[PDB]
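Next comes just one chain, in structure tokens: the form deposited in one PDB entry.
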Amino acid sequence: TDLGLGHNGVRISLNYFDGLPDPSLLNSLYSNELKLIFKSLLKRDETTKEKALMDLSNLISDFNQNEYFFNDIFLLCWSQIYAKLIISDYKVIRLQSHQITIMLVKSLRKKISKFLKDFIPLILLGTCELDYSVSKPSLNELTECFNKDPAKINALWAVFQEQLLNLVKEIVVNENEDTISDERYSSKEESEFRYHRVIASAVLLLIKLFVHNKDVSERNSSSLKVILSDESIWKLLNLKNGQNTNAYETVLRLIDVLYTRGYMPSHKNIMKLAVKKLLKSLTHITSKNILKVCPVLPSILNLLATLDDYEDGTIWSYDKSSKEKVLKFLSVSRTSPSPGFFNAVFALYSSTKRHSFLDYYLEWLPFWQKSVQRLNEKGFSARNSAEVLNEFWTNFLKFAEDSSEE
């Protein structure tokens, strides 16, 4: 039978309706004290649940006295609920759950070896949470767990490659908003937010997987394909009035890593899927939300410049009206500039001129002209006006040296 994320005979999953501890298994736990704890963890009341974890976290602190409590039965059961606690909408629950597991790995080093394939992927997923207040404490705990040995952590991304990729597949492909959140106790909005947060983590975890591994594309190609072919990751490229741009930026990073590692030239279909969704995205950037999108504008421009290098700007052909789409994006983006912005524009210019994407005098020059005009009116009110202005003139002066050629 398919055990999902499990490797010790029981099913581990992120959804709410399977992968739960067997009542007869729970009743085999060493102590009645553990049974009450697990009984409260399986309840919804956040208060009693938060208290259950606290009790559990303390039992593990005084591990020497309660070593027999944390036997194979305990680990089996825990491995199943842990996967569910780390998607709790209360970060308190998520923090403690990650802490407990990391503690067990430390207090049980060689006696927990069977379960590393079931714990390490979820531990690392915790370190990949966009919320720094969750990911950083998890990383400090994990780091300490291996005595601050850097190579000992880097080894994890290699050793547990397959399981990590399986966890991503689980999140992106096998699960969705409605299986991750129970509609009985969650509104559509909370479910959207819950999935958003989890899949965002999975993208960052996927990024780190590419960074730490050169031969990631070769070993698990088939699985990488079903992950990157799904519509779930690329859905994070949708701006929303309530959401911030952290997930958006994460996807931009993914596209960048996939291209630099040469995965994109090897999979033209995933290329066209990412570029198309990225171009659709630009059209949703308007004056209404420009202040919100402001901090990613340089990243967008920098990404488009990198992708333009691919076979003399072939990506633009994936949509005949892309030249027009870039035009409306540049015209809007210059109404909310920031450090790095004009640097990235020049990057875009420098690359795209190699096939004369946009007219030098009719489209490029008016852009630079209207930019400085706004800068002079707004500034020098706030920062980083000074930096931004200097950056503009530096890039514009380089742009201006090609005027002779036309």
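The first residue of the shown sequence is 1; numbering continues from there.
S.K.: Of the two stretches 26-34 and 57-65, which shows the higher Cα B-factor on average in the entry?
M.R.: In the deposited entry, the stretch with the higher C-alpha B-factor mean is 57-65.
S.K.: Output the stretch having the higher mean C-alpha B factor in the entry; the candidates are 250-258 and 143-151.
M.R.: Stretch with the higher mean C-alpha B-factor: 143-151.
S.K.: Between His196, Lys84, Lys188, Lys292, which one tops the list for C-alpha B-factor in the PDB entry?
M.R.: Reading the PDB entry, the winner on C-alpha B-factor is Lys292.
S.K.: If I read the C-alpha B-factors straight from the PDB entry, which of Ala202, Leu75, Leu209, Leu95 is highest?
M.R.: Within the set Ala202, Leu75, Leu209, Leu95, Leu209 shows the top C-alpha B-factor.
S.K.: Considering only modelled residues of the same chain, in which third does the CA B-factor of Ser356 rank: lowest, middle or highest?
M.R.: As the PDB entry reports it, the C-alpha B-factor of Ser356 lands in the highest third of its chain.
S.K.: How does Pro137 rank on Cα B-factor within its chain, lowest, middle or highest third?
M.R.: CA B-factor rank for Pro137: middle third.
S.K.: Would you mind checking where the Cα B-factor of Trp364 ranks among the modelled residues of its chain, as the lowest, middle or highest third?
M.R.: Ranked within chain, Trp364 CA B lands in the middle tercile.
S.K.: Quick one: classify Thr335 as lowest, middle or highest third of the chain based on its Cα B-factor.
M.R.: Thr335: CA B-factor falls in the middle third of its chain.
S.K.: Comparing against every modelled residue in the chain, figure out the third that the C-alpha B-factor of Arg184 lands in (lowest, middle or highest).
M.R.: For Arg184, the deposited C-alpha B-factor lands in the lowest third.
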